[PDB]
Amino acid sequence: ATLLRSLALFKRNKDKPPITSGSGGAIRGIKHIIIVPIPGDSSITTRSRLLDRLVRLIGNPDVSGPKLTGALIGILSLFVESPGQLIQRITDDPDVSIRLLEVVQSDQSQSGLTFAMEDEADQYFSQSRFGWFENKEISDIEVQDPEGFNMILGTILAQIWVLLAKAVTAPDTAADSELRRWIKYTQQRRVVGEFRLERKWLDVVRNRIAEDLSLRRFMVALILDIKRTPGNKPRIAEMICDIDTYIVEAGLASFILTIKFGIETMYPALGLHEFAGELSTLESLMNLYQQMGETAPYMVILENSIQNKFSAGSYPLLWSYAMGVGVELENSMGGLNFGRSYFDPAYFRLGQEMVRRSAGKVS
Amino acid sequence: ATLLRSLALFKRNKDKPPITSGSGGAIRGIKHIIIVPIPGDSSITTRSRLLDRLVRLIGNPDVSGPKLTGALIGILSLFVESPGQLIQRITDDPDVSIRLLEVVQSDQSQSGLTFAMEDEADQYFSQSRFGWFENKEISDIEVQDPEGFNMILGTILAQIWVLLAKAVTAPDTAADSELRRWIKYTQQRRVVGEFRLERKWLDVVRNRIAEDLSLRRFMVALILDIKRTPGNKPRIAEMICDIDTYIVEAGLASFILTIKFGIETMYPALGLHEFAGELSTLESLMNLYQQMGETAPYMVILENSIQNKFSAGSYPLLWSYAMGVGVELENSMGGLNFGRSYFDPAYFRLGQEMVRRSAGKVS
Amino acid sequence: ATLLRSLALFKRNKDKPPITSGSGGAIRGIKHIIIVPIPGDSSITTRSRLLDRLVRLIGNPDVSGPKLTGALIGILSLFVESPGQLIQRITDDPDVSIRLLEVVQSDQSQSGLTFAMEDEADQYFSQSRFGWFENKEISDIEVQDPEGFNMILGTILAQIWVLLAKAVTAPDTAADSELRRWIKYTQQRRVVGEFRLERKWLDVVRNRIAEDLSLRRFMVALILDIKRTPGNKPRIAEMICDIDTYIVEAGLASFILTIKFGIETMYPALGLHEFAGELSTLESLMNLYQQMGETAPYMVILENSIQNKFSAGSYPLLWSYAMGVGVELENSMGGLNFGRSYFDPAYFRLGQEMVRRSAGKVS
RNA sequence: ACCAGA
RNA sequence: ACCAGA
RNA sequence: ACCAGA
RNA sequence: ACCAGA
């Protein structure tokens with residue numbers, strides 16, 4: 001029986017994360033200065049004016065790659081006291097150097113904001129192609145109370161964080177799903193229902209989160225910082241960690257649903273010998289998933305190299321069995337597109353057959 | 001059998017609370033000064049006058065967000081000696097900074113109360129839209145005896161704490177349920193039956209408890225402080241912990257009733273293989289429920305991010321089975337609305353069928 | 001079988017008493033000075049005169065809340081040497097501060113008693129609405145022998161302690177039950193049969209014990225001190241612990257009779273699966289009942305928050321089965337009112353059917 | 001909450 | 001999220 | 001890569 | 001040495 005433990009150790013080394021800290025520092029890329037307009041000063045009034053001048057900055061076809069990513073990092077961190085020590089706390093991206101600039105309110109400037117460069121800010125912040133709210137009776141969302149801005153900012157962030165859930169997996173067919181979360185935070189009284197940003201504003205951001213990678217690394221790594229906050233989180237931060245249950249494991253559902261339907265049901269069609277090698281390369285992917293730490297449900301949001309390893313192509317037979325168990329059990333699995341060049345529908349029909357045979361067949 | 005314990009550890013890490021104390025302090029939100037008018041001095045007379053001038057403050061359409069929340073925190077803590085060291089004892093909310101001000105009685109002021117700012121208090125405390133008692137022959141509820149005020153304050157609090165039970169779950173259809181608790185504390189002689197605040201006063205408060213989150217964090221976290229009081233509690237505090245049995249787990253009844261009817265009855269339709277994966281993701285939610293501590297029955301009152309995890313959408317088949325067992329056993333389960341996009345009524349009809357088949361069928 | 005012990009631990013934590021000593025001291029209510037006229041000096045004569053001037057104080061419509069409760073605490077502790085070190089020994093109520101004053105006899109005062117304030121006592125102690133004995137040929141019950149006063153005080157206390165048995169559960173229909181205990185202590189020669197206080201005197205006290213809560217906490221917590229007295233108790237104290245067998249568990253008979261008829265009979269209709277979940281939430285209420293200690297039969301006399309947990313609404317089916325077994329077995333169960341909004345008479349008729357089927361049907 | 005209990 | 005619970 | 005998830 | 005592998 002010496003072949004067995006020599007086989008299991010063979011799959012616990014080729015299916016092992018490589019050890020690190022071997023690069024001396026000659027892998028770091030050419031940097032890229034990005035511009036994140038942080039809120040200026042203690043006062044609430046200028047950070048509501050900053051949010052107003054930076055939401056309509058995004059709804060603009062004339063904004064670039066870095067100017068839009070720095071605009072989003074500028075508004076995804078307005079919910080904290082002193083956002084400057086949050087951006088440099090979170091960003092460990094090696095391709096983007098944060099050069100973040102303070103924005104203070106003024107009555108001299110055209111937009112109303114200067115940089116702490118009085119009119120140079122007006123070329124930073126400035127009709128049928130400007131993205132804005134759906135109730136476009138709105139002109140400005142500048143307020144002066146703290147709990148007003150806390151509910152407006154919580155409304156704007158709650159429909160940028162739900163973009164992250166399927167900006168990279170189902171970008172085009174995300175419009176119906178993300179509305180069902182907007183309905184969720186409206187009846188929870190988390191957000192205000194009036195201030196729904198339109199299809200064209202969100203399609204700027206959803207296309208942006210999909211097309212660059214350092215914006216997603218900022219959006220993921222602050223979520224991981226929200227989770228570590230021990231006590232009662234602040235209420236926008238609780239909302240971001242509430243949206244997070246839709247963002248985790250988003251793009252690993254050829255692996256999560258393989259576990260949920262192929263493994264956990266335990267039909268008699270797992271003792272097939274053709275699965276016996278593929279239950280071990282799925283056992284080792286569950287050992288690998290929990291030793292990657294808290295960055296493991298985001299491996300395809302962060303789009304690292306290790307999500308090729310959790311792909312269903314390494315277990316093409318036991319995955320198809322789990323799609324057969326999956327679409328026969330739930331109504332919700334009927335909408336899942338599983339179109340791959342390794343499908344083998346003879347085990348998909350064997351997956352459905354074990355469910356239909358075991359209808360009233362208590363084990 | 002190495003796949004089995006590798007599977008169970010996989011569900012005891014993705015269904016695990018994240019470890020904390022990783023934020024250095026850069027998550028804390030922008031603060032918000034709130035105004036909680038605490039009772040002034042040792043004497044009973046000014047805290048009955050404070051209760052009188054602050055109940056009718058709430059029945060007013062001209063009061064704001066923070067002024068109403070500070071009015072409620074002002075009256076939900078009048079039942080203790082020195083309420084100032086209760087508010088700063090309870091409030092660990094990061095979005096609200098308590099600036100609490102002492103209120104002393106006077107004969108110079110219009111309302112009768114000054115701040116320890118003689119007439120500035122009159123703009124703080126001051127007909128068919130002013131909410132007040134149903135027997136609106138009442139003008140004032142200022143008294144001078146201690147046991148009188150102890151019964152009037154116990155009457156006002158006992159119909160604010162029953163608002164919390166379903167302010168966030170069934171806000172609109174709470175009017176018939178909360179009356180059945182008002183009838184309970186009338187025949188127990190806990191409250192006085194005359195001083196029933198009307199529909200329009202309570203709909204200010206029930207809408208308030210629903211729409212902001214730092215008021216609920218104060219209402220929850222003093223309940224958790226009432227429970228820790230070892231000996232005989234004071235009688236208003238015993239009443240709050242008595243109302244508490246209706247506030248606990250309020251919004252988790254897709255999980256509590258899944259345990260009560262799906263699990264604990266133990267019909268032969270739990271050995272279905274389609275439930276075998278969903279009895280383990282319900283076993284791990286019972287491990288998670290008791291290691292969250294004493295803040296776990298209030299997770300949807302506090303509206304944290306972990307009540308998405310106890311949702312019935314993660315076990316959509318075994319939940320529907322338990323609604324089928326549930327509505328067939330009790331008359332009371334017929335009023336429960338369970339309308340979700342994952343219902344699958346083929347197991348709801350299988351849930352009813354196991355009850356009807358097992359009518360006189362002792363195991 | 002890992003779901004089973006994970007289920008049983010889930011019900012031994014949500015159905016668990018919360019741990020205590022977490023309040024630093026900021027729960028304690030506003031105090032309330034009460035006036036308990038203790039007997040003055042060693043001599044027997046002034047404590048018989050104190051009892052005389054304080055029984056007719058209670059039969060008076062002009063006495064208040066605190067003056068009546070302090071009058072009752074004044075006479076419920078006359079049976080001990082030095083009653084002053086009994087009141088401050090018993091009262092751990094946080095809402096009532098005992099300010100107890102010594103009463104000495106005199107020939108200068110109108111009532112005959114001064115305070116150790118010669119005429120100020122006459123406004124403390126002073127016809128068809130004055131409650132007094134039924135044989136209202138009696139003018140005074142002042143005596144001079146010790147065994148005379150020991151039998152008069154034992155007569156007055158034995159019809160105040162039987163008020164406590166159902167002052168809070170069946171207040172209105174207690175007049176026929178409490179007479180059957182007065183007949184019991186008359187043929188035992190415990191009391192004197194002549195000195196029966198009338199309906200109108202006792203309806204002052206029974207309404208008082210029902211309407212305030214700190215009087216019941218004094219009446220309960222001295223009963224618990226009577227029980228701890230090791231040797232032969234004094235004879236009035238033996239009588240109070242003799243009345244106590246009617247005061248214990250008074251208001252828990254939807255739980256005691258559920259145990260007595262539903263559980264202990266062990267008909268074949270307990271192996272129903274619909275009861276199998278409700279025999280475990282009744283098993284855990286028997287674990288909870290004996291770890292609450294010696295204050296557990298008085299939880300609804302003390303009216304704490306934990307008697308909502310022993311309510312029949314948490315086991316609405318197995319309770320109705322036990323009312324069906326109950327009213328079919330005894331004549332005495334026919335008088336029990338069990339009218340609740342969770343009755344489900346299909347198991348009440350199933351409860352009666354198991355008794356009628358098992359008539360001469362020895363197991 | 002409601003019965004009977006020397 | 002929605003029932004009943006002295 | 002694609003579903004559903006108060 | 002030769003396949004497939006978001």
# chains A, B, ... in the order shown; residues from 1 in each chain; ligands from 1

$ select_by_dssp --residues "stretch 193-337 of chain B" --states "helix (DSSP H, G or I)" --output "PyMOL selection string"
chain B and resi 199-211+214-227+235-246+253-263+273-276+280-290+293-298+305-308+312-314+316-329+332-335

$ closest_atom_pairs --of "chain B" --to "chain A" --cutoff "7 Å" --atoms "only C-alpha atoms" --output "CSV"
residue,atom,partner,partner_atom,distance
B:3,CA,A:283,CA,6.0
B:6,CA,A:283,CA,6.5
B:10,CA,A:286,CA,6.2
B:13,CA,A:290,CA,6.9
B:18,CA,A:227,CA,6.5
B:19,CA,A:228,CA,6.2
B:20,CA,A:228,CA,4.0
B:21,CA,A:230,CA,5.4
B:22,CA,A:228,CA,4.8
B:23,CA,A:229,CA,5.4
B:26,CA,A:86,CA,5.6
B:27,CA,A:80,CA,5.8
B:28,CA,A:80,CA,5.5
B:29,CA,A:80,CA,4.0
B:30,CA,A:81,CA,4.7
B:32,CA,A:146,CA,6.1
B:93,CA,A:232,CA,6.3
B:94,CA,A:234,CA,5.6
B:95,CA,A:234,CA,5.7
B:210,CA,A:189,CA,7.0
B:211,CA,A:189,CA,5.5
B:269,CA,A:362,CA,6.6
B:271,CA,A:362,CA,4.8
B:272,CA,A:362,CA,4.6
B:273,CA,A:265,CA,5.0
B:274,CA,A:265,CA,5.6
B:276,CA,A:265,CA,5.7
B:277,CA,A:264,CA,4.6
B:304,CA,A:238,CA,6.2
B:305,CA,A:242,CA,4.3
B:308,CA,A:245,CA,7.0

$ write_last_selection --atoms "N, CA and C atoms" --output "PDB file, in the first residue's frame"
ATOM      1  N   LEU B   3     -12.299  12.211   2.139  1.00  0.00           N
ATOM      2  CA  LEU B   3     -13.048  13.294   1.513  1.00  0.00           C
ATOM      3  C   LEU B   3     -14.046  13.895   2.487  1.00  0.00           C
ATOM      4  N   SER B   6     -12.422  16.307   4.962  1.00  0.00           N
ATOM      5  CA  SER B   6     -11.986  17.440   4.164  1.00  0.00           C
ATOM      6  C   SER B   6     -13.157  18.263   3.661  1.00  0.00           C
ATOM      7  N   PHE B  10     -14.198  22.145   5.087  1.00  0.00           N
ATOM      8  CA  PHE B  10     -14.429  23.162   4.070  1.00  0.00           C
ATOM      9  C   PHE B  10     -15.648  24.003   4.408  1.00  0.00           C
ATOM     10  N   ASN B  13     -15.057  26.635   7.456  1.00  0.00           N
ATOM     11  CA  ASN B  13     -14.213  27.797   7.214  1.00  0.00           C
ATOM     12  C   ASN B  13     -14.836  28.825   6.287  1.00  0.00           C
ATOM     13  N   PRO B  18     -15.247  35.864  10.295  1.00  0.00           N
ATOM     14  CA  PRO B  18     -13.868  36.312  10.067  1.00  0.00           C
ATOM     15  C   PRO B  18     -13.227  36.869  11.327  1.00  0.00           C
ATOM     16  N   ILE B  19     -11.938  36.594  11.515  1.00  0.00           N
ATOM     17  CA  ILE B  19     -11.196  37.078  12.673  1.00  0.00           C
ATOM     18  C   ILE B  19     -11.059  38.588  12.565  1.00  0.00           C
ATOM     19  N   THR B  20     -10.867  39.251  13.699  1.00  0.00           N
ATOM     20  CA  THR B  20     -11.080  40.696  13.760  1.00  0.00           C
ATOM     21  C   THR B  20      -9.798  41.367  14.236  1.00  0.00           C
ATOM     22  N   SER B  21      -9.897  42.655  14.599  1.00  0.00           N
ATOM     23  CA  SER B  21      -8.810  43.491  15.121  1.00  0.00           C
ATOM     24  C   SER B  21      -7.668  43.626  14.121  1.00  0.00           C
ATOM     25  N   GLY B  22      -8.031  43.694  12.846  1.00  0.00           N
ATOM     26  CA  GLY B  22      -7.056  43.905  11.797  1.00  0.00           C
ATOM     27  C   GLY B  22      -7.065  45.334  11.302  1.00  0.00           C
ATOM     28  N   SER B  23      -8.174  46.030  11.529  1.00  0.00           N
ATOM     29  CA  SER B  23      -8.248  47.456  11.235  1.00  0.00           C
ATOM     30  C   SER B  23      -7.482  48.226  12.302  1.00  0.00           C
ATOM     31  N   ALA B  26      -8.739  52.942  10.741  1.00  0.00           N
ATOM     32  CA  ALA B  26      -9.141  53.690   9.552  1.00  0.00           C
ATOM     33  C   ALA B  26     -10.379  53.098   8.900  1.00  0.00           C
ATOM     34  N   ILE B  27     -11.405  52.770   9.682  1.00  0.00           N
ATOM     35  CA  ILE B  27     -12.681  52.312   9.143  1.00  0.00           C
ATOM     36  C   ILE B  27     -13.762  53.185   9.765  1.00  0.00           C
ATOM     37  N   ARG B  28     -13.440  53.801  10.909  1.00  0.00           N
ATOM     38  CA  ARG B  28     -14.377  54.612  11.683  1.00  0.00           C
ATOM     39  C   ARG B  28     -14.945  55.771  10.874  1.00  0.00           C
ATOM     40  N   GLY B  29     -16.265  55.884  10.884  1.00  0.00           N
ATOM     41  CA  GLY B  29     -16.923  56.802   9.985  1.00  0.00           C
ATOM     42  C   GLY B  29     -16.844  58.227  10.477  1.00  0.00           C
ATOM     43  N   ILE B  30     -17.372  59.130   9.658  1.00  0.00           N
ATOM     44  CA  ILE B  30     -17.515  60.513  10.077  1.00  0.00           C
ATOM     45  C   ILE B  30     -18.556  60.535  11.188  1.00  0.00           C
ATOM     46  N   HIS B  32     -21.262  61.955  14.206  1.00  0.00           N
ATOM     47  CA  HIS B  32     -22.522  62.672  14.109  1.00  0.00           C
ATOM     48  C   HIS B  32     -23.002  62.984  15.517  1.00  0.00           C
ATOM     49  N   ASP B  93     -21.619  52.732  19.245  1.00  0.00           N
ATOM     50  CA  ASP B  93     -21.852  53.002  17.835  1.00  0.00           C
ATOM     51  C   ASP B  93     -20.772  53.934  17.305  1.00  0.00           C
ATOM     52  N   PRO B  94     -20.145  53.615  16.173  1.00  0.00           N
ATOM     53  CA  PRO B  94     -19.082  54.473  15.646  1.00  0.00           C
ATOM     54  C   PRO B  94     -19.574  55.636  14.807  1.00  0.00           C
ATOM     55  N   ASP B  95     -20.852  55.683  14.447  1.00  0.00           N
ATOM     56  CA  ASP B  95     -21.362  56.770  13.627  1.00  0.00           C
ATOM     57  C   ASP B  95     -22.081  57.845  14.415  1.00  0.00           C
ATOM     58  N   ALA B 210     -37.127  51.929  12.316  1.00  0.00           N
ATOM     59  CA  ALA B 210     -36.839  51.262  11.057  1.00  0.00           C
ATOM     60  C   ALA B 210     -35.808  52.023  10.232  1.00  0.00           C
ATOM     61  N   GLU B 211     -35.867  53.357  10.219  1.00  0.00           N
ATOM     62  CA  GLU B 211     -35.109  54.065   9.195  1.00  0.00           C
ATOM     63  C   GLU B 211     -33.693  54.433   9.614  1.00  0.00           C
ATOM     64  N   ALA B 269     -38.544  11.973   5.713  1.00  0.00           N
ATOM     65  CA  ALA B 269     -38.029  12.770   4.605  1.00  0.00           C
ATOM     66  C   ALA B 269     -36.992  13.782   5.069  1.00  0.00           C
ATOM     67  N   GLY B 271     -33.733  11.900   5.289  1.00  0.00           N
ATOM     68  CA  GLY B 271     -32.731  11.068   4.674  1.00  0.00           C
ATOM     69  C   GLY B 271     -32.689  11.135   3.170  1.00  0.00           C
ATOM     70  N   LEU B 272     -33.440  12.054   2.567  1.00  0.00           N
ATOM     71  CA  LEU B 272     -33.253  12.376   1.165  1.00  0.00           C
ATOM     72  C   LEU B 272     -31.850  12.912   0.957  1.00  0.00           C
ATOM     73  N   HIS B 273     -31.233  12.523  -0.155  1.00  0.00           N
ATOM     74  CA  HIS B 273     -29.871  12.961  -0.409  1.00  0.00           C
ATOM     75  C   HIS B 273     -29.821  14.439  -0.747  1.00  0.00           C
ATOM     76  N   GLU B 274     -30.914  14.981  -1.272  1.00  0.00           N
ATOM     77  CA  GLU B 274     -30.989  16.392  -1.618  1.00  0.00           C
ATOM     78  C   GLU B 274     -31.014  17.287  -0.388  1.00  0.00           C
ATOM     79  N   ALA B 276     -29.248  16.154   2.403  1.00  0.00           N
ATOM     80  CA  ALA B 276     -28.062  15.749   3.152  1.00  0.00           C
ATOM     81  C   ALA B 276     -26.956  16.783   3.069  1.00  0.00           C
ATOM     82  N   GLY B 277     -26.865  17.499   1.952  1.00  0.00           N
ATOM     83  CA  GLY B 277     -25.965  18.629   1.895  1.00  0.00           C
ATOM     84  C   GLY B 277     -26.485  19.860   2.591  1.00  0.00           C
ATOM     85  N   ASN B 304     -26.765  43.467  10.786  1.00  0.00           N
ATOM     86  CA  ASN B 304     -25.372  43.299  10.418  1.00  0.00           C
ATOM     87  C   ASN B 304     -25.270  42.461   9.147  1.00  0.00           C
ATOM     88  N   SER B 305     -24.051  42.152   8.738  1.00  0.00           N
ATOM     89  CA  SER B 305     -23.862  41.495   7.456  1.00  0.00           C
ATOM     90  C   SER B 305     -24.030  39.994   7.532  1.00  0.00           C
ATOM     91  N   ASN B 308     -27.350  37.748   6.223  1.00  0.00           N
ATOM     92  CA  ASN B 308     -27.479  37.190   4.885  1.00  0.00           C
ATOM     93  C   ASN B 308     -27.070  35.736   4.857  1.00  0.00           C
TER      94      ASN B 308
END

$ closest_residue --among "C:352, C:169, C:129, C:206" --to "residue E:6" --atoms "only C-alpha atoms (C1' of nucleotides)"
C:169

$ closest_atom_pairs --of "chain B" --to "chain E" --cutoff "7 Å" --atoms "only C-alpha atoms (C1' of nucleotides)" --output "tab-separated table"
residue	atom	partner	partner_atom	distance
B:169	CA	E:1	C1'	5.2
B:170	CA	E:2	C1'	4.9
B:184	CA	E:6	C1'	6.4
B:251	CA	E:1	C1'	6.1
B:332	CA	E:4	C1'	5.0
B:333	CA	E:3	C1'	4.8
B:334	CA	E:3	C1'	6.8
B:335	CA	E:3	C1'	5.1
B:336	CA	E:3	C1'	4.1
B:337	CA	E:2	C1'	5.5

$ select_by_dssp --residues "stretch 51-157 of chain A" --states "strand (DSSP E or B)" --output "MDAnalysis selection string"
chainID A and resid 80 97:105 113:115 133

$ write_last_selection --atoms "N, CA, C and O atoms" --output "PDB file, in the first residue's frame"
ATOM      1  N   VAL A  80     -15.278  57.342   5.621  1.00  0.00           N
ATOM      2  CA  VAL A  80     -14.453  57.269   6.816  1.00  0.00           C
ATOM      3  C   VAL A  80     -13.979  58.661   7.191  1.00  0.00           C
ATOM      4  O   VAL A  80     -13.877  59.560   6.351  1.00  0.00           O
ATOM      5  N   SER A  97       0.670  53.854  -8.016  1.00  0.00           N
ATOM      6  CA  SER A  97       1.133  54.697  -6.926  1.00  0.00           C
ATOM      7  C   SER A  97       0.068  55.757  -6.677  1.00  0.00           C
ATOM      8  O   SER A  97      -0.235  56.558  -7.564  1.00  0.00           O
ATOM      9  N   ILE A  98      -0.503  55.752  -5.477  1.00  0.00           N
ATOM     10  CA  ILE A  98      -1.524  56.725  -5.105  1.00  0.00           C
ATOM     11  C   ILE A  98      -0.840  58.068  -4.893  1.00  0.00           C
ATOM     12  O   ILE A  98      -0.011  58.211  -3.993  1.00  0.00           O
ATOM     13  N   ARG A  99      -1.187  59.057  -5.707  1.00  0.00           N
ATOM     14  CA  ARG A  99      -0.900  60.449  -5.391  1.00  0.00           C
ATOM     15  C   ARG A  99      -2.239  61.117  -5.143  1.00  0.00           C
ATOM     16  O   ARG A  99      -2.902  61.561  -6.082  1.00  0.00           O
ATOM     17  N   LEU A 100      -2.634  61.170  -3.882  1.00  0.00           N
ATOM     18  CA  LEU A 100      -3.960  61.605  -3.480  1.00  0.00           C
ATOM     19  C   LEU A 100      -3.892  63.055  -3.040  1.00  0.00           C
ATOM     20  O   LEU A 100      -2.957  63.453  -2.340  1.00  0.00           O
ATOM     21  N   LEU A 101      -4.856  63.851  -3.483  1.00  0.00           N
ATOM     22  CA  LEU A 101      -4.822  65.287  -3.263  1.00  0.00           C
ATOM     23  C   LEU A 101      -6.049  65.745  -2.491  1.00  0.00           C
ATOM     24  O   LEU A 101      -7.169  65.312  -2.770  1.00  0.00           O
ATOM     25  N   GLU A 102      -5.824  66.621  -1.520  1.00  0.00           N
ATOM     26  CA  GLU A 102      -6.909  67.098  -0.683  1.00  0.00           C
ATOM     27  C   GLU A 102      -7.763  68.088  -1.451  1.00  0.00           C
ATOM     28  O   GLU A 102      -7.254  68.920  -2.204  1.00  0.00           O
ATOM     29  N   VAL A 103      -9.072  67.995  -1.258  1.00  0.00           N
ATOM     30  CA  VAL A 103     -10.033  68.861  -1.927  1.00  0.00           C
ATOM     31  C   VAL A 103     -10.781  69.632  -0.858  1.00  0.00           C
ATOM     32  O   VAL A 103     -11.420  69.031   0.010  1.00  0.00           O
ATOM     33  N   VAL A 104     -10.708  70.954  -0.919  1.00  0.00           N
ATOM     34  CA  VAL A 104     -11.402  71.801   0.035  1.00  0.00           C
ATOM     35  C   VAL A 104     -12.431  72.638  -0.708  1.00  0.00           C
ATOM     36  O   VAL A 104     -12.292  72.921  -1.901  1.00  0.00           O
ATOM     37  N   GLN A 105     -13.484  73.014   0.003  1.00  0.00           N
ATOM     38  CA  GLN A 105     -14.544  73.793  -0.613  1.00  0.00           C
ATOM     39  C   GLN A 105     -14.125  75.250  -0.743  1.00  0.00           C
ATOM     40  O   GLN A 105     -13.244  75.740  -0.035  1.00  0.00           O
ATOM     41  N   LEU A 113     -14.919  73.726  -5.591  1.00  0.00           N
ATOM     42  CA  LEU A 113     -13.886  72.977  -4.891  1.00  0.00           C
ATOM     43  C   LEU A 113     -12.521  73.393  -5.404  1.00  0.00           C
ATOM     44  O   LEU A 113     -12.320  73.503  -6.616  1.00  0.00           O
ATOM     45  N   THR A 114     -11.586  73.616  -4.490  1.00  0.00           N
ATOM     46  CA  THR A 114     -10.198  73.861  -4.839  1.00  0.00           C
ATOM     47  C   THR A 114      -9.328  72.781  -4.218  1.00  0.00           C
ATOM     48  O   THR A 114      -9.805  71.911  -3.488  1.00  0.00           O
ATOM     49  N   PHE A 115      -8.036  72.833  -4.512  1.00  0.00           N
ATOM     50  CA  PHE A 115      -7.092  71.829  -4.045  1.00  0.00           C
ATOM     51  C   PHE A 115      -6.164  72.448  -3.012  1.00  0.00           C
ATOM     52  O   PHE A 115      -5.626  73.540  -3.225  1.00  0.00           O
ATOM     53  N   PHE A 133     -28.684  60.476 -12.030  1.00  0.00           N
ATOM     54  CA  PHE A 133     -29.762  59.716 -11.417  1.00  0.00           C
ATOM     55  C   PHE A 133     -30.911  59.507 -12.402  1.00  0.00           C
ATOM     56  O   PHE A 133     -31.062  60.246 -13.376  1.00  0.00           O
TER      57      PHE A 133
END

$ atom_distance --atom1 "atom CA of residue C:36" --atom2 "atom CA of residue C:71"
6.1 Å
